[PDB]
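# Structure at a glance
As a plain string of letters, each chain reads:
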Amino acid sequence: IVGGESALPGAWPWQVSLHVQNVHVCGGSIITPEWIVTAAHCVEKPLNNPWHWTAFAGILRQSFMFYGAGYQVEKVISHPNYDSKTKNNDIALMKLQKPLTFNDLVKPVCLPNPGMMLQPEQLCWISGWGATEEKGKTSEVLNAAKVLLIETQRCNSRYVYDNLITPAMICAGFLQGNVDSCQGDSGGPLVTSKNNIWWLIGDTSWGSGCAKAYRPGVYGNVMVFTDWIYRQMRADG
Amino acid sequence: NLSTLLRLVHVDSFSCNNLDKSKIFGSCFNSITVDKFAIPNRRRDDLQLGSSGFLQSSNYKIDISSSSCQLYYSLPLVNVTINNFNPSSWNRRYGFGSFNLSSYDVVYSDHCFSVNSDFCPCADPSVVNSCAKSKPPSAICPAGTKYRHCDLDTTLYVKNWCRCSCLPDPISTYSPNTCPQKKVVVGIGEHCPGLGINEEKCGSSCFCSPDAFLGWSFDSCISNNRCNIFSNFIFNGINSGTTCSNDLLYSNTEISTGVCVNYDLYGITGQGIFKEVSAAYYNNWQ
């Protein structure tokens, strides 16, 4: 997050950070208290053995324990049609072995129903634990920023990406710069204000630097993969 | 003399701002500054007293809090020419030519851009060598000005992908802050420093293409076989200076012979009767 401010302890209970080898690598979001929605590029072959994974919830500053007080991941389900060259279909699901009962500052986000009729220049918000300005370290405190949704046709311009965005993937950010996520902001909850309820419609997959001109943010689209999550949840139970 | 001025010129409309037409007949002023330029037929309505048009923001701005009078007159099309010269300094430095347009056509500006001294629409060719996609032309910029800002960045798998600033054009760019060419508005009695130059068609010495200059148009100014030219009269001060008008003492300029009337001939006052007579004893100073 570049150009943002520190996130006050309000009500944002849809950000779960995954920790492996006692260090933070990638985050994620939760929709139901039985799964974890996160990116799929961190679930590669060297990142196997999901037993060595923990999840933290309701934790702003990442210092409250040491190799303990977490939720162990039982199984991880990734999208079968995942490509490592073009980075397409970068959505993975992690299942927890704990009931995860609802408590204070614990409230998931509902999936977006088909046919939302979203505005072209819709206002959204981002959050995560990444660098500060450029090639920095993991942020100790939680920060948030405000981004806008740009069109796919304008994102496919020859001077921006030259037609490198799939129809099942969208772009969000500012073309002027100074508002972008750096390396380490994997996943991240991208929600918007509509009908007094937030909708998770974004998922960070990759990116070309941060706070750079003609290089907006990259956030996946879950409107096409919404049925896949329901299918996996039905096949699991 | 205002009367002779309006008689010898085909005046179409004479209106002023913050000044009355009666107090300018016999008074004195300190100085008078006059500005004139052609009136395009497309932007003829933009010459009103206060408007956010292209003329009043790119070519010449008319002040409202000053005593300035606007004069609209016409000129015959016989033995008339139009001079289209670019007052820009940095544009002609890189080899700016002429518009090469037909006669009886004027050039008006719609988007003016201001740049600093450290500016060069040219890139260092030693850096553009490691570029494969959207490779901009480069040449040797003269000393004293930095080269074009271009960076090498990889998005997914393209190693040789170079991006520069001012894309696609400085008129409508996605990041005006990164591009040094910024839009400027002319002030009271100020010219436009220069127009936008497309960096994709520039570049031996850095020579931009003549077709890369954008942000201007052209249109005829012929109306009823006559050309329209604007005129602005600005009066500095009132009831002062040494610039007066002869609209009072030269009222009749005709004398009678046979009746008695007063006279103020050359500071001599009195009354008497006149009579024509042939005299040949006067000199050039008597």
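Residues numbered from 1 in each chain as written, not as in the entry; some residues may be left out. Chains lettered and ligands numbered in written order. Part of a larger assembly, values for the part shown. Heavy atoms only, no water. Residues with missing side-chain atoms left out of burial classes, pairs and counts.

The record lists cryo-EM as the method behind this PDB entry and 3.03 Å as its resolution.

### Notes on the overall build of chain A
Per the secondary structure count, chain A includes two helices and 14 strands. On C-alpha atoms alone, chain A measures out to a radius of gyration of 17 Å, which is about the 18 Å that the 2.2 N^0.38 rule sets for 237 residues. In terms of overall dimensions, chain A has a C-alpha envelope of 45 × 40 × 40 Å along the principal axes. Considering only contacts in chain A between residues 6 or more positions apart, those separated by 24 or more positions represent 67%. (Helix = DSSP H or I, 4+ residues; strand = E, 2+ residues; numbered from the N terminus. Rg over C-alpha atoms; globule rule 2.2 N^0.38 Å. Contact = heavy atoms within 4.5 Å.)

### Focus on the overall build of chain B
Assigned secondary structure in chain B consists of two helices and 17 strands. In summary, chain B has a C-alpha radius of gyration of 30 Å against a globular reference of 19 Å for 286 residues, an excess of more than 25%.

### Details of the state of the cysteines
Residue and element names in this part refer to chain B. For the structure on display, the rule yields eleven disulfides over all chains. A sulfur-sulfur distance of 2.0 Å marks the disulfide that ties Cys 202 to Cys 208. Judged by the sign of its S-S torsion, about 95°, the cystine formed by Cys 202 and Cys 208 is right-handed. The same class applies to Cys 202 as to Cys 208, namely buried. (Disulfide = S-S within 2.5 Å. Buried < 20%, exposed > 50% of the residue type's maximum accessible area, 1.4 Å probe, protein only.)

### What to know about the interface of chain B and chain A
Tallying the contact residues gives 19 residues for chain B and 19 residues for chain A. For the side of chain B that touches chain A, the residue count by class is nine nonpolar, seven polar and three charged. (Nonpolar A, V, L, I, M, F, W, Y, C, P; charged D, E, K, R; others polar.)

### Describing a nonpolar patch on the surface
All names here are of chain B. A cluster of nonpolar residues, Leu 6, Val 11 and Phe 14, forms a patch on the protein surface that exposes about 250 Å² of accessible area. Among the structural elements, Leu 6 can be located in helix α1 (residues 2-8). The exposure class of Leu 6 is exposed, given its relative accessible area of 51%. (Patch = residues over 30% accessible without salt bridge, like charges linked within 9 Å, V, L, I, M, F, W, Y side chains within 5 Å. Areas by Shrake-Rupley, 256 points an atom, 1.4 Å probe, with all protein chains shown as cover. Salt bridge = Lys/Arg side-chain N within 4 Å of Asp/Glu carboxyl O.)

### As for the nonpolar core
Residues and elements named next belong to chain A. Judged by nonpolar contacts, the single largest core of 15 residues is most densely connected at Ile 31, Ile 91, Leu 93, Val 109, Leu 200, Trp 228 and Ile 229. Beyond its immediate stretch of four places on either side in the chain, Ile 31 contacts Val 37, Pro 108, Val 109, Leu 111, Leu 200 and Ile 229. The next biggest cluster of nonpolar side chains, apart from the first, holds 14 residues, and it includes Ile 150, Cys 155, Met 169 and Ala 213. (Core = buried A, V, L, I, M, F, W, Y, C linked by side-chain atoms within 4.5 Å.)

### Things to note about the sheet that holds strand β4 (residues 36-38) of chain A
All names here are of chain A. Strand order across the open sheet formed by six strands is β3-β2-β5-β6-β7-β4, with antiparallel pairing between neighbours. Across the chains shown, the open sheet's two edge strands, defined by having one partner strand only, are β3 (23-28) and β4. Recorded for the sheet is a direction-independent mean angle of 40° between the axes of neighbouring strands. Relative to strand β5 (residues 54-56), strand β2 (residues 16-20) is paired through three bridges, and the arrangement is antiparallel. Residue pairing for β5: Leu 18 is matched across the bridge by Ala 55. (Pairing = 2+ DSSP bridges. Axes fitted to C-alpha atoms, helices over the stretch in contact; angles between N-to-C directions.)

### Examining the UniProt feature "active site" in chain A
Residues and elements named next belong to chain A. As recorded in UniProt, the sites labelled "active site" are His 41, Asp 90 and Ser 186. In summary, the annotated positions, though distributed over 146 residues, converge in three dimensions, the widest C-alpha pair being only 10.6 Å. Those residues in contact with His 41 that sit more than four places away from it in its chain are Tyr 82, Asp 90, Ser 186 and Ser 205. Here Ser 186 is to be found in the loop between β10 (169-172) and β11 (187-194). Excluding anything up to four places from it in sequence, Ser 186 contacts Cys 26, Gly 27, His 41 and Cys 42. Of the polar contacts made by the side chain of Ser 186, one reaches the side chain of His 41; its length is 3.2 Å. (UniProt positions renumbered as here; feature names shortened; annotations may be inferred. Polar contact = N/O pair within 3.5 Å; in protein donor to acceptor, adjacent residues only side chain to side chain.)

### Overview of the UniProt feature "disulfide bond" in chain A
Residue and element names in this part refer to chain A. At 2.0 Å, the distance between the sulfur atoms of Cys 155 and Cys 171 falls under 2.5 Å, matching the disulfide given in UniProt. Of this pair, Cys 155 sits in helix α1 (residues 152-155) while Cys 171 is found in strand β10, placing the two residues 16 residues apart along the sequence. Owing to a relative accessible area of 1%, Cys 155 belongs among the buried residues under this scheme. Judged by relative accessible area, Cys 171 falls into the buried class, the value being 1%. Of the disulfides listed in UniProt, the one linking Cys 182 with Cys 210 is reproduced by the coordinates, which place the two sulfurs 2.0 Å apart. Placement of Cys 182 in the loop between β10 and β11 and of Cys 210 in the loop between β13 (202-204) and β14 (217-220) is noted, with a sequence separation of 28 residues between them. Look at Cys 182 and you get buried, because its relative accessible area is 9%.

### Side note on unusual backbone geometry
Of note, the bond from B:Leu167 into B:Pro168 is cis; its omega dihedral lies within 30 degrees of zero at -5°. Relative to the assigned elements, B:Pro168 resides in the loop between β8 (162-164) and β9 (182-183). A positive phi angle, close to 55°, is found at A:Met117, a residue other than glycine. With respect to the secondary-structure elements, A:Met117 resides in the loop between β7 (92-96) and β8 (123-128). Positive phi, normally seen in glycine, also occurs at A:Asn195, with a value near 60°. Tracing the backbone shows A:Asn195 in the loop between β11 and β12 (197-198).

### Considerations on the side chain of A:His19
By the element assignment, A:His19 lies in strand β2. Polar side-chain contacts of A:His19 include one of 3.2 Å to the backbone oxygen of A:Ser17.

### Considerations on the pattern of salt bridges
Within this structure, the stated rule accounts for six salt bridges over all chains. When the shortest N-O distance is used, the salt bridge between A:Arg61 and A:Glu140 registers 3.8 Å. Within this pair, whereas A:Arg61 is found in the loop between β5 and β6 (71-78), its partner A:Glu140 is found in the loop between β8 and β9 (143-150), the two being separated by 79 residues in sequence. A residue is classified by how much of its surface remains accessible, and A:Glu140, at 52% relative accessible area, is exposed. What you see here is one network of salt bridges that share partners, running through A:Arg215, B:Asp153 and B:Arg163.

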